[PDB]
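# Architecture and fold: a report
Here is how the chains run, residue by residue.
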Amino acid sequence: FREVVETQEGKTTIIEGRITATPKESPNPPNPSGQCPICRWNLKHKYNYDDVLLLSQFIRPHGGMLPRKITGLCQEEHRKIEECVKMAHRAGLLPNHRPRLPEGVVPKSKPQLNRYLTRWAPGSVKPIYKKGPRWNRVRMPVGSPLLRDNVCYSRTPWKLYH
Amino acid sequence: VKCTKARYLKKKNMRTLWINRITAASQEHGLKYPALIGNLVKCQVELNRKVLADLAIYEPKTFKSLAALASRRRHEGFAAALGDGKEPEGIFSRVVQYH
Amino acid sequence: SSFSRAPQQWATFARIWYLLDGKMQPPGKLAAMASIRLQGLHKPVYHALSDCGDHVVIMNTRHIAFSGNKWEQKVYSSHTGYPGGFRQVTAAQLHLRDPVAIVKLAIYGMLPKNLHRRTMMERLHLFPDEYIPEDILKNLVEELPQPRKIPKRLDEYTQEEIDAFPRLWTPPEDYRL
Amino acid sequence: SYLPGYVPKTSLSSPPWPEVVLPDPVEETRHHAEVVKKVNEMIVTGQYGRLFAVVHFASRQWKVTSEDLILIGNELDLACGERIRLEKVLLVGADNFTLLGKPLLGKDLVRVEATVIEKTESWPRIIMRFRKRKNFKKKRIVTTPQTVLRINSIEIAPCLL
Amino acid sequence: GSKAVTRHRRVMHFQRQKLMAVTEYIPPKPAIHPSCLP
Amino acid sequence: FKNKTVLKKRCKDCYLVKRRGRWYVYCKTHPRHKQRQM
Amino acid sequence: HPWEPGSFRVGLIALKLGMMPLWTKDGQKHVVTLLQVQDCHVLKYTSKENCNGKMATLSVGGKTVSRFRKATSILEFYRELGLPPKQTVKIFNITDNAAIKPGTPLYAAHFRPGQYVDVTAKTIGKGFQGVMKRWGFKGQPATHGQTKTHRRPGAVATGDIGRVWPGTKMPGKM
Amino acid sequence: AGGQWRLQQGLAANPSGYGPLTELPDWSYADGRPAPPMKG
Amino acid sequence: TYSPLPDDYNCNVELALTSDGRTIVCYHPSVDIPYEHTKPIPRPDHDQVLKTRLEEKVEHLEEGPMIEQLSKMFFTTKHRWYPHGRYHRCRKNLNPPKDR
RNA sequence: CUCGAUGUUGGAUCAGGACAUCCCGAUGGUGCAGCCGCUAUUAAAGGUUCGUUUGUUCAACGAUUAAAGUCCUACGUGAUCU
Ligand code: FES
Ligand SMILES: [K+]
Ligand SMILES: [Mg+2]
Ligand SMILES: [Mg+2]
Ligand SMILES: [Mg+2]
Ligand SMILES: [Mg+2]
Ligand SMILES: [Mg+2]
Ligand SMILES: [Mg+2]
Ligand SMILES: [Mg+2]
Ligand SMILES: [Mg+2]
Ligand SMILES: [Mg+2]
Ligand SMILES: [Mg+2]
Ligand SMILES: [Mg+2]
Ligand SMILES: [Mg+2]
Ligand SMILES: [Zn+2]
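### What to know about the overall build of chain G
Along chain G, the regular secondary structure elements total 3 helices and 8 strands. Against the compact-globule benchmark of 16 Å for 174 residues, chain G has a radius of gyration of 24 Å, which places it well outside the compact range. Once the C-alpha set of chain G is aligned to its principal axes, its extents read approximately 70 × 50 × 40 Å. Within chain G, counting contacts between residues at least 6 apart in sequence, those at least 24 apart form 56% of the total. Counting every atom, chain G has about 13700 Å² of accessible surface; 56% of that belongs to carbon and sulfur. Positive and negative side-chain charges of chain G, numbering 27 and 9 respectively, have mean locations separated by a distance of 15 Å.

Shown next as structure tokens:
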């Protein structure tokens, strides 16, 4: 990877970039014919939001997602991991990938509510004041429809709407 | 008239009671009710639910044996389904044929 | 068992004290467990008229976790009886107002809708934190397994686990990550 | 060090249930013979107390033991005091062992005897039908013949091989 | 009753509703996604 | 902001952004182009 | 202890003597109510822990009454306190630094001119009253044919709900 | 329960159907004499 | 080492088939509680010149407070404690049938 | 549905509710300089006048008001009245 350091010496600023250590993909993928990191390791349909060991490889130090052109993921898998990372952040499973705060900023205390499988952003959702009849019930989404094809070990399929 | 129609409900409620009691007894051994009833039939054990409920209350050691038998037969089913026919039939999966 | 008739009856119909830890658990799965125990449906000697329910003690109800966006979407409705008395609050608002209401209401709705329900609720003991009175603490018998497995945060993984998972891709050396 | 089907460990890489490995059928056949012999010796040496059995009689099953009474819901064409054998035994259990038929135990293995002690009729059973506004009303009373049986003895023989 | 041709989509008899649900097109699903192969 | 079921960019400076769970059209050059998803 | 921001001190119990006018230096007339503190003493102190509430409390009593007319439990309480029984006892929420020893007398100079106070008491009892006096309903006309309907409530609800809402204004004790 | 399974082994779906559990004699005389055939 | 169920709580279950395969033999001896898994029973619970006499501390309580005490003691609702009328009291069977 | 009866307009009395907001609050746009307006988003806690003619609901008119809102409630309400 490449870093950038800004140093001000004698009323003069010097901008430089250095190449740091870069991690390498593990040798001998079980499926060399695979076209992306996911299918090269037979991971398609076999990872979830809480698989941070997988998810953490495709995000930036501050929690941002990495471009698809750099990681090599396909559009389908890149979108699945994108949703998985949002749910991982909301679940509190990435405590060392928090947003960068400018000097002098200390967030004010906010109510702590444990949550998981959170599709939407908390602030953008309204209460369900009118539930509606049984034949037209307003449902609360749980999980993501992108993961509908994940391997199901139970006879009941994933319920995405509660 | 209620007394006459109650004869249907009595039989219905009794079987509901046995299933609840068998379900409670099965959970003590980590088995769900469908697994116990389903696999006991596959072992040619024709004990009905009335007797199964009585055994759970008054014969707790025999019921655990029945739960173990059903659990054993259940694991044999999984092994068979996972196999491609290479494996022989399970010891408890063999059916006694009559003629 | 060779017991005397009265000790035999006492033992079989005794009330057990169960402990449940609600930390990071969905209230519904907690309620599903407590509901079975409060009714006595976990006993082979169960009968509705046998008053064979047990005691359920749930701790850490302040730390329950909903899936999805239920904190914002789930609404609790009540009516004081007076004109304009209809009140609707989200789960988040109710949780901060009363740290046992969510778990209590989930259990109350799962119990049978009969005159025994309020008696079963007398056998339910909810505590928002890890403090339990000494009397209730002394009579506990068994702790029930948590219904939901709590996922590990990335900072909780041991280096053995991190090393075991392969690196899946090779980033470019000239990329400003 | 990765096989063609190797999958890194994730929450969905493998099934939630634990892996179960059943015993070797050859080894288990020997272990089974030991268990059968051990239980057989308990019968020969009389290391059991009160026995119970599940018997199929009159379409239904009865968990019975010595000195029990059972109320059969029909006539049996037997004089009172006559001793009979119950031939359909699904289960016979002791304190420390239980034998299960598939579905019935052999007659040589277990013998359940019973005695007729009463032949009577049930109390009156009302059968009434009614449909509102249709002048539809009828009443019938039925008494069903019954037979009371006392279970005299449950005996098992050492025929487990 | 309503006529055979209506301005709104007429409700179907439940048996017919079940018929439609059971006869829905099922596309051929390949064993391995074609995008995951050379 | 005018409520619109179909959002359309009216000039080259209009940009689509999703905020508070719904899509908006914002325009700094012509504020009259601002639209809210209905 | 010295006064601190956020501190709450005890109040008083007084008897309402009557009303009187007074004029300010600008010429304005202000009527005032005279409140006499008659044998006001602190009776009990309850710590914040035992109160069952957010704050500690201090019990105050006012006006001596005859011991021949009080319950035995009340008399033995006052016997231990060393004071004669009081007609009314009120509970004052206070902060820990404002606690006063039971038995301390309280005086009108507890308050100072320029301060603002709240006064709580039982209102004058008017017995069972109709809606006009109780709730200020208009009633019905005096003439133009009104038949035995001049001070009545009128309609009490709508026909649809087939009931009367809780809290509906009706005749009752005022 | 088990109706489909029994059919797969060539048995009646209902265990009350044909087979030894139902058709064999319920009882016999203690001495040994067989009982008259059941009416069913 | 395979066991269908854990053998540490109720009994040691051993399943076997006869040589012919027509009978299932179940050997299930009881498991006794180990001594190590038990607690010791809590047997442990002045110049007074005057004989210590029994003092009756059973002060009569009103209906309300008494019912509140009983309900809290047995974890019930108040309703179970209130009386019933003569019609119900006299319908109750005072010589009910008894089985064993 | 009700004719072995579910009393029929307007008004008085007392109002419950909806928000598709007349006034008061908060915002976006404007052919919005300002003062006044127009349009849209959000808001139903609180408020929403007195008179002449007419049985009137309405309507017209006079004088006001921050405003004199639109509806539902058996065209709310006669075992309360007219
Ligand atoms: S190409 Fe295989 S998952 Fe993307
Ligand atoms: K009519
Ligand atoms: Mg037609
Ligand atoms: Mg008075
Ligand atoms: Mg008047
Ligand atoms: Mg008159
Ligand atoms: Mg008059
Ligand atoms: Mg009539
Ligand atoms: Mg109103
Ligand atoms: Mg609005
Ligand atoms: Mg209003
Ligand atoms: Mg009307
Ligand atoms: Mg009248
Ligand atoms: Mg009326
Ligand atoms: Zn524009």
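### Side note on the side chain of A:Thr71
Looking at the element boundaries, A:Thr71 is found in helix α3 (residues 68-71). Note on A:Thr71: relative accessible area 4%, which makes it buried.

### Some thoughts on the sheet that holds strand β4 (residues 56-64) of chain G
Sheet strands pair via backbone hydrogen bonds, and the direction of the pair is either parallel or antiparallel. Residue and element names in this part refer to chain G. Judged by pairing direction, the sheet is antiparallel, and its 4 strands sit side by side in the order β5-β4-β3-β6 without closing on themselves. Either end of the sheet is taken by a strand with one partner, and the two such strands are β5 (86-94) and β6 (105-106). Bridge analysis of strand β3 (residues 40-46) against β6 gives 2 bridges, and the strand direction is antiparallel. The residue of β6 that forms the bridge with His41 is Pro105. Against the sheet, helix α2 (residues 72-81) touches β3 and β5, its axis set at about 100° to β3.

### Some thoughts on the interface of chain A and chain C
Between chain A and chain C, the contact holds 55 residues from the first and 42 residues from the second. For the pair chain A and chain C, the summed buried surface comes to about 4700 Å²; carbon and sulfur atoms form 62% of the total. Along the contact surface separating chain A from chain C lie 1 salt bridge. C:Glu72 is the partner of A:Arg115 in a salt bridge, and the nearest nitrogen-oxygen pair spans 3.0 Å.

### Examining helix α1 (residues 2-27) of chain B
In this model, α1(B) (26 residues) spans 36 Å end to end at C-alpha, consistent with the 38 Å of a helix rising 1.5 Å per residue. Taken as a whole, α1(B) carries its principal kink of about 30° at B:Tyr8. Where α1(B) is concerned, the buried positions are B:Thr4, B:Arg7, B:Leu17, B:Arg21, B:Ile22, B:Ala24, B:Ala25 and B:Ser26. Elements in contact with the buried residues of α1(B): α2 (33-42), α3 (49-58) and α4 (60-82) of chain B together with β8 (125-131) of chain D.

### Describing a positive patch on the surface
Residues and elements named next belong to chain D. On the surface, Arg129, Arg131, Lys132, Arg133, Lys134, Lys138 and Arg140 cluster together into a positively charged patch. Listing elements by their share of the positive patch, those giving two or more residues are β8 and β9 (136-142). Position of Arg140 among the secondary structure elements: in strand β9.

### Regarding the state of the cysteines
According to the stated counting rule, one finds 0 disulfides over all chains in the structure shown. Sulfur of D:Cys159: no disulfide; nearest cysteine sulfur belongs to I:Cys26 and is 18 Å away. Here D:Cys159 falls in the partly exposed class, since its relative accessible area comes to 36%.

### Some thoughts on the pattern of salt bridges
Inspection of the entire model under this criterion finds 26 salt bridges over all chains. When the shortest N-O distance is used, the salt bridge between A:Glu76 and A:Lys44 registers 3.4 Å. With A:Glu76 in helix α4 (residues 75-91) and A:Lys44 in the loop between α1 (37-40) and α2 (52-55), this residue pair connects regions lying 32 residues apart in the sequence. A residue is classified by how much of its surface remains accessible, and A:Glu76, at 30% relative accessible area, is partly exposed. By relative accessible area, which is 14% here, A:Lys44 ends up buried. One salt bridge in this structure joins C:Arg123 and C:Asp51, with 3.9 Å as the shortest N-O distance. One end of the pair, C:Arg123, is in the loop between α6 (117-121) and β6 (124-126); the other, C:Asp51, is in the loop between α2 (27-39) and β2 (55-59), and 72 residues separate them in sequence. Taken together, the shared-partner salt bridges connect A:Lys44, A:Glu76, A:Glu77 and A:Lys80 into one network.

Rules of the game
- Residues numbered from 1 in each chain as written, not as in the entry; some residues may be left out.
- Chains lettered and ligands numbered in written order.
- Part of a larger assembly, values for the part shown.
- Heavy atoms only, no water.
- Helix = DSSP H or I, 4+ residues; strand = E, 2+ residues; numbered from the N terminus.
- Rg over C-alpha atoms; globule rule 2.2 N^0.38 Å.
- Contact = heavy atoms within 4.5 Å.
- Areas by Shrake-Rupley, 256 points an atom, 1.4 Å probe, with all protein chains shown as cover.
- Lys, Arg positive; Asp, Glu negative; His and termini not counted.
- Charge placed at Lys NZ, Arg CZ, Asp CG, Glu CD.
- Buried < 20%, exposed > 50% of the residue type's maximum accessible area, 1.4 Å probe, protein only.
- Pairing = 2+ DSSP bridges.
- Axes fitted to C-alpha atoms, helices over the stretch in contact; angles between N-to-C directions.
- Buried area = accessible area lost by both parts, 1.4 Å probe.
- Salt bridge = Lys/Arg side-chain N within 4 Å of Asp/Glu carboxyl O.
- Expected span 1.5 Å × (residues − 1).
- Bend = angle between axes of the 7 residues up to and from the residue.
- Patch = residues over 30% accessible without salt bridge, like charges linked within 9 Å, V, L, I, M, F, W, Y side chains within 5 Å.
- Disulfide = S-S within 2.5 Å.

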